[PDB]
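Worksheet for the structure shown next.
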Amino acid sequence: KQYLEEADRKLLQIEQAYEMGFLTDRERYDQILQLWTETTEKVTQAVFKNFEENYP
Amino acid sequence: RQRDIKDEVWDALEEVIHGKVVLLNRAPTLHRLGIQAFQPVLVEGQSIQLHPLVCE
Amino acid sequence: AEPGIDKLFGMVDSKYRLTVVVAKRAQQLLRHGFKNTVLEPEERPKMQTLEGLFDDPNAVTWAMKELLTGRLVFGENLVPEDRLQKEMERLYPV
Amino acid sequence: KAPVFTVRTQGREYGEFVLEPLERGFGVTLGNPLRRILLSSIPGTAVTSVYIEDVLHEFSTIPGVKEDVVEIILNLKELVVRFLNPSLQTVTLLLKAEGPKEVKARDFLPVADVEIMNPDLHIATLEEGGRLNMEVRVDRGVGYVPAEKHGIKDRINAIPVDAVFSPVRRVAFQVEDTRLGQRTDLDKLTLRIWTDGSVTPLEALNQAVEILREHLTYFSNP
Amino acid sequence: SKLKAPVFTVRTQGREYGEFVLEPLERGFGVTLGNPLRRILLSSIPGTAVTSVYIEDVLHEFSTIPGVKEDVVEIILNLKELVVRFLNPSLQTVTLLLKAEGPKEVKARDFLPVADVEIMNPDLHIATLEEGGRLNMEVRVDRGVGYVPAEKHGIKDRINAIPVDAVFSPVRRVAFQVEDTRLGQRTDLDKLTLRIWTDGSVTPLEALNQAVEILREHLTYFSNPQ
Amino acid sequence: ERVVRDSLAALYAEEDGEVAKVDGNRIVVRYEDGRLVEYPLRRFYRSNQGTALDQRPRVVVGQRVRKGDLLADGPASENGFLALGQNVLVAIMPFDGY
Amino acid sequence: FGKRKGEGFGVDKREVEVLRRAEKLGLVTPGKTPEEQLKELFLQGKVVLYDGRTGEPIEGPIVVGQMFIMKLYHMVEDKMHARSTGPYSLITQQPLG
Amino acid sequence: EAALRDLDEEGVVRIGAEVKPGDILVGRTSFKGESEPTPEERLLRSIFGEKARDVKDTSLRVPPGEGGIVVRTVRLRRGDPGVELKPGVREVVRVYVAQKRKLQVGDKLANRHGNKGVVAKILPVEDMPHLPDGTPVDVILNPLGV
Amino acid sequence: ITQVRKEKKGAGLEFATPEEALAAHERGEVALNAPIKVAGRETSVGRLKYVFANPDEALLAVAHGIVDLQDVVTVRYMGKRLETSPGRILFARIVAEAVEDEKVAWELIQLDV
Ligand SMILES: [Mg+2]
């Protein structure tokens, strides 16, 4: 839930930086995919840390 | 005739196959371990029994 | 695993030559009815029937055991083929 | 029909027992109870308590002796003692030696109707001026009782020892399919028993079977 | 310090159910005794089962009878639930006769009574008959052990007889409880309770005794070494 | 339920009515119209793949049925529901490599 | 469960052992009654299970339930086949298929 | 007569008979293709004094691994009402054989989620894992499949 | 069977005397396998409490439910005093008996993992 709530505010910042014309449609799309890639990675590590520490 | 088959022929067959091996093959035969030799153990039932270690 | 397979591979320069020696010896045993064997009565491979212990019918099992004893000599050009065939039939008829 | 029972023994410490053929399922039906009994109920002897003169507790070290106290206690767990008198429920063994000597089991002061099966068992090596004065308590019992569970003290400074009573060290059993004529589902039971030599593997089995039969008589009187 | 023969309690409801308590027992003997008896009770207890059926004007199992709602496959499936108690121990086989007609629902009651033979579930439904429906059959019930499929025994009293899968075992369910107990000096003792369900042809107590005897007789086999 | 009905394996009542006759081989229904309709049942017929298509009567003599009420179960249906199998008690656990 | 408690049986010794390993697994909350812990496992769809060979429990609580399972059309009776010698083909003289 | 026991007067196996591999379903004879018996057969026939029959046994038999109970037979001859066969065919016989199939080792099971497997072992009820109240489970599925 | 328990109750406390630790564990203040420091070394309660003369003793204790196979414990095997689980001892024994060479078996296994 934490990583998702964080990811949504990050996504909002990329939308504000789009509508202001700082990044293109291309650049915005690329940044969104990157955010979700890293957010995915983060939750993977979280699944396995919780398993290792609390349910080995 | 299957009803004419008595119990001594099963014992005779055990003698026949003694020490002999058969080849088992599974398609696709991708490499040479697609065929391997096994000493058969006669079983009731219509299924061939395969050893776990050779499944890979 | 075949009993003493690692030692059997020790004896040959090529694993395939072991197969040739084993196969040929087993053919000799079958042709001459096992009476040319180099095994001793207690070394004979045995098979458990309903009756009890009987001789293992399998000539390939026999041949490998014989090989392990050391009593078999194998190689190339040891003896003319006809001479070998005739000497074996003189010693052990069919 | 009636299964044939087959015995293969090595000395007094090992035996394999094969019962075949049995009706389907009976291999594990017999094997499991016997194994449970053979581990838990077989009467044997163990070291339950030890006093070493200047040693206060289990983790102390003895001056002049190579082994620590823990190691000596361990060696004592390995001592195999056989009570010849049926009524003897316990014994105290004494050992005092010093100087340059490797103390074995035989060194224990002989006690009447108490046989030490493994007299060559090492206990401790003593250096110059090293001194070993100790009393060991040997009780009759069954199974395995940890030191903290029996809590036996003849005196203060007496150290309680995990009590390994069982003459049976290991039991392994394997059931495998076998055929009599047309029936292939029959069972073949192979039972493997390791003892310490005080009770023989064949003896232990017979004792185990007896206990179970007796327990079957308990279904008699409501 | 050695434990001594335990009190053996018996709680029975009718011929169907029983509870069998043994306490106190040395630690771990609850399953040491309980489990082999459960295994023996589920397998080796002799019993009775329908082994064959001949229905008149029916050549094989895949037939259908005019006037009857159930096909022969379902009829034989209903006969597999028939519980038949033999009062005489010397009696190993019985052929039950049934003749029924008209708008009736044939139950197990309708079997023609045979001496020294009691049907434990006479309400078991067998076939629904309609005006003109005629069911006349002969079912062979035998005594045996375990599960013998029709293919193994192949029992036919006559030519058109249909062999039936025989579930011989009278035991429906076996559970056993192991609870904590003490002799008040010593703890971690075992209290063993055998719960035994039966079809009623044999009694849970009778079942338990046969189970004990089988295990006892089996311990005998360890007598002559080699 | 819908799968069995569209499959045409199961048999249903045309209109409201009362069941006159019930057999392994046939079911006779008396409708509102007064007309007596007889439904023969397909019993142990061999399909293209050799599985047995057979219909079993699910109603009894004298039963009041409505329009669309089940008369016979087709193959692989239980009281009009698609039955492709059995409901079994399963344990999820390894067992000795079997 | 409630049925059992009325029938005059308490928690089994082996049920306690399984409960021990289960609280080591973080499945049940420590300090609760044996009944409460069994209910916690049951809400996870796991039950105590006895090995019919031994009588001893499976060392952990196991998922058990009703599953819908079908027998498919591929059956060994149809597929099992063997040949010593038999029919050969017209031109090739090789065995038929 | 052991071989012909279950055949009716006309040579068709009777309804309700159990047929196993090798058993005759429909008996049939075919005229032997003209051939000169080998000198071995000349001598054999001469030794036993039995005329070589004009016809050979072409009967339809149960194939390996098949069989069951005979539930139906259809026989169609030529020259009987309502039936006309393809040219040259005197008569056609169909035998419908039924079998009740119990689940066995090698049969394939599956659930609706894609779990599929073949039955490798059928255990007696006493080996099956069971609930405290005595109920054995039906199927044991390996968690490694999930 | 070769995985070892890790418990949170002890949580790395220091203890001067091992009998203090066993007493603290007996009070239920510290778990058997919780990582702990007694004297200067960091050991676990189970390593002090259960010290087994040979493998057969460790496994007999498992049979009687004194310890599980995953509990870390002190076992004397082939002359050295080891900190492992009975399970890891059992694995080493499985290998050893299979190949009928006990020394080589000990060389091959990675026991601590
Ligand atoms: Mg200790």
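Residue numbering restarts at 1 in every chain; chains get A, B, ... in the order shown in the structure tokens, and ligands count up from 1 in that same order.
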Exercise answer, 8 Å around ligand 1 with only C-alpha atoms and all ligand atoms, as number ranges by chain
D: 146-148, 161-162; I: 48-51
Enumerate the residues of segment 14-183 of chain D with a DSSP assignment of alpha helix (DSSP H), computed from the backbone, and present them as a list in words.
residues 26, 27, 28, 29, 30, 31, 32, 33, 34, 35, 36, 37, 38, 39, 40, 69, 70, 71, 72, 73, 74, 75, 76, 77, 147, 148, 149 and 150 of chain D
Within 8 Å of residue 118 of chain E using only C-alpha atoms, minus same-chain residues under 5 positions, as a compact mmCIF listing (two decimals) with N, CA, C and O atoms, in the first residue's frame:
# COMPACT_ATOMS: atom_id res chain seq x y z
N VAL E 84 -26.37 -57.28 5.53
CA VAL E 84 -26.99 -58.58 5.79
C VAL E 84 -26.20 -59.28 6.89
O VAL E 84 -25.01 -59.56 6.72
N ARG E 85 -26.85 -59.50 8.04
CA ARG E 85 -26.20 -60.14 9.18
C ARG E 85 -26.50 -61.64 9.18
O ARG E 85 -27.66 -62.05 9.11
N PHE E 86 -25.45 -62.45 9.27
CA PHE E 86 -25.61 -63.90 9.40
C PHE E 86 -25.52 -64.29 10.87
O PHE E 86 -24.47 -64.15 11.49
N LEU E 87 -26.61 -64.85 11.41
CA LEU E 87 -26.64 -65.29 12.81
C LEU E 87 -25.84 -66.56 13.04
O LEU E 87 -25.17 -66.70 14.07
Should the cut-off be 8 Å, what would the residue list for chain B against chain C look like, counting only C-alpha atoms, as a PyMOL selection string?
chain B and resi 15+18-20
Spatial neighbours of segment 28-45 of chain I, max dist 12 Å, only C-alpha atoms, sep filter under 6 positions, as a PyMOL selection string
(chain D and resi 59) or (chain G and resi 24) or (chain I and resi 4-22+51+66-68+70-74+82-85)
Segment 21-28 of chain B: which residues within 6 Å, counting only C-alpha atoms, same-chain residues fewer than 6 positions away excluded, as a list in words?
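Residues near the query, excluding close chain neighbours: residues 34, 35, 36, 37, 38 and 39 of chain B.
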